[PDB]
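These notes concern the structure reproduced below.
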Amino acid sequence: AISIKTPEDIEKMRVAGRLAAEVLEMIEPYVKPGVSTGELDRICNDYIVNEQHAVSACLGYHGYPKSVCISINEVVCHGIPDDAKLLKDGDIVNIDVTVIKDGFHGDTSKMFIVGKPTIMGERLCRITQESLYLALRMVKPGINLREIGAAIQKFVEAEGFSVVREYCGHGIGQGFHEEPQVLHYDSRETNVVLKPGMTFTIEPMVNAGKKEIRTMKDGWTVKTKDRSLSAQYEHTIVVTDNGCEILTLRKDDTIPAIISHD
Ligand code: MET
Ligand SMILES: [Co+2]
Ligand SMILES: [Co+2]
Ligand code: NA
């Protein structure tokens, strides 16, 4: 059941993708020491609803109570925004946004460094983004997803970090999480050949320490087992005839929006 988007579908995804990217571009100036994650969530929500006239796909999903996911430091993913959680100098934080517009989803995330960065945090964020970019450069019709997961893993590991196994990229479109599962590591279980019109996300979570993770009692928050820092970046893409197009590209991305192979 891997859905192939029509040209019309892709046009709608381009819109939803840009909206999502825009939320991330917009929030930047607000990310400073002393701000709470609860406030960031409110600002995002307002923008999405009142300015963009869109909807957050997260709010209510399986009961998720907020509009975006904000994961600080050792929180891997799904961090829940809260008025009591204040950002400090040196924190690294991921803001993951998924917007729905005209029934199509746009899913993307990036890391932000609060105030003065630490050596580890900067490095970790950089390597994580680079691992995503590497993956994007490989995307093209005919290739097996497995190769992509394997490349990410090799890269990350060579740099002294680890890749989280449990969470993965996913198809996306009218549905939030569609087939297929996009693994960020090498697995003999993976056997999917890419074809034009497929749309999915790549969103590697990398840990400064060991790969092990743990789910909190809240049922959402995921943290590293060894409390090391964790970083993630995400983009939604569409496979094209000779490469791919990045639907959630932002002003700060340093990769071209269209990647062509020849
Ligand atoms: C708690 S919903 C998490 C969704 C997230 N935006 C993803 O990439 O799947
Ligand atoms: Co996401
Ligand atoms: Co995603
Ligand atoms: Na984090």
Side-chain angles (χ1 to χ4, degrees), residues 2-11 13-28 52 54 57 94-111 125-142 144-152 155-156 168-184 192-194 196-204 232-250 252-261:
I2 287 181
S3 95
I4 307 299
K5 276 51 179 200
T6 61
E8 309 72 61
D9 285 343
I10 289 135
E11 236 324 306
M13 314 230 63
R14 252 175 205 115
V15 168
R18 191 43 220 187
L19 288 184
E22 190 180 77
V23 170
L24 296 181
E25 289 170 347
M26 180 279 287
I27 200 64
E28 183 164 21
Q52 293 189 330
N94 177 281
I95 294 182
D96 188 355
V97 186
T98 302
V99 167
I100 310 176
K101 182 58 169 190
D102 288 344
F104 285 82
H105 298 65
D107 183 10
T108 184
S109 81
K110 68 174 275 185
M111 296 305 290
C125 287
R126 186 177 79 243
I127 295 322
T128 301
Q129 189 176 48
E130 283 185 24
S131 83
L132 164 68
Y133 280 4
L134 185 168
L136 292 174
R137 284 184 268 124
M138 286 169 75
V139 176
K140 73 174 137 285
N144 201 294
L145 261 181
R146 184 182 165 184
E147 310 192 41
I148 281 156
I152 289 173
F155 177 66
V156 164
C168 61
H170 46 98
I172 182 163
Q174 293 231 345
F176 190 172
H177 295 98
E178 303 178 344
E179 271 160 65
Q181 275 206 71
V182 176
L183 263 50
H184 309 108
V192 175
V193 173
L194 268 18
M198 287 182 165
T199 51
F200 56 90
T201 74
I202 305 187
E203 54 176 289
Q232 179 182 43
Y233 281 81
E234 171 173 31
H235 271 309
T236 295
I237 62 163
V238 56
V239 182
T240 69
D241 285 321
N242 66 292
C244 80
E245 168 184 358
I246 302 147
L247 299 181
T248 50
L249 202 80
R250 293 181 309 280
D252 60 300
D253 266 296
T254 55
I255 192 172
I258 303 277
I259 302 153
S260 20
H261 297 279

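We're numbering straight along the sequence, starting at 1.
- Between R18 and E25 a salt bridge is recorded (basic side-chain N to carboxylate O distance below 4.0 Å).
- Taking every heavy atom of both residues into account, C244 and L136 meet most closely at SG-O, 3.7 Å.
- Residues that satisfy the side chain to side chain contact (heavy atoms under 4.5 Å, CB included) test with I100, not counting sequence neighbours, are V55, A57, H105.
- By the side chain to side chain contact (heavy atoms under 4.5 Å, CB included) test, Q181 is found to be paired with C168, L183, residues two or more places apart in sequence or in another chain being considered.
- One finds the NZ atom of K110 at 13.0 Å from the CG atom of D96 (value rounded to the nearest 0.5 Å).
- With sequence neighbours left out, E178 forms a salt bridge (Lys or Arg N to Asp or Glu O under 4.0 Å) with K5.
- Atoms CD1 and CG, on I246 and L132 in that order, are 8.0 Å from each other to the nearest 0.5 Å.
- Looking only at distances, no side-chain donor or acceptor of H261 sits under 3.5 Å from a matching main-chain atom of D241.
- Between the side chain of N144 and the backbone N or O of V192 there is at least one donor-acceptor pair closer than 3.5 Å.
- Annotation: salt bridge (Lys or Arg N to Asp or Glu O under 4.0 Å) contacts of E245 (sequence neighbours excluded): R14.
- How far CG of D253 is from NE2 of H235: 3.5 Å, rounded to the nearest 0.5 Å.
- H177 and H170 have tilted rings, their planes meeting at an angle from 30° to 60° on a 0 to 90° scale.
- The shortest non-hydrogen separation linking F104 to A16 is O-CB, 3.4 Å.
- The backbone N or O of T254 sits less than 3.5 Å from a side-chain atom of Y133, completing a donor-acceptor pair.
- Of all non-hydrogen atoms in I152 and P204, the two that sit nearest each other are CG2-CB, 4.5 Å.
- Taking CE of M198 as the start and CG of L145 as the end, the distance is 8.0 Å to the nearest 0.5 Å.
- Note that the OG1 atom of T240 and the CD1 atom of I258 stand 6.5 Å from one another [nearest 0.5 Å].
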Original post:
Would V182 and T201 satisfy side chain to side chain contact (heavy atoms under 4.5 Å, CB included), going step by step from the backbone distance to the final call?
Top reply: CA-CA 8 Å; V182 176; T201 74; 6.0 Å; no

**OP:** For side chain to side chain contact (heavy atoms under 4.5 Å, CB included), just list the numbers for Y233 and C125, CA-CA rounded to whole Å, side-chain angles, deciding distance to a tenth of an Å, and then say yes or no.
**Re:** CA-CA 8 Å; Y233 281 81; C125 287; 3.8 Å; yes

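- To the nearest 0.5 Å, atoms OG1 (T248) and CE (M13) are separated by 10.5 Å.
- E130 meets the salt bridge (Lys or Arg N to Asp or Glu O under 4.0 Å) test with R126; sequence neighbours excluded.
- Side-chain atoms of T108 come within 3.5 Å of backbone N or O of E234 as a donor-acceptor pair.
- Checked against side chain to side chain donor-acceptor pair (under 3.5 Å), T98 has the following partners two or more places apart in sequence or in another chain: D107.
- The backbone N or O of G103 lies less than 3.5 Å from no partner atom in the side chain of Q174, so there is not a single donor-acceptor pair.
- Nearest heavy-atom pair, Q232 versus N94, reported as atom, atom and distance to 0.1 Å: O-ND2, 2.8 Å.
- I27 and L24 make their closest contact through CG2-O, 3.5 Å (heavy atoms, listed as atom of the first residue, atom of the second, distance).
- Closest approach of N242 and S260 over heavy atoms only: ND2-CB, 2.8 Å.
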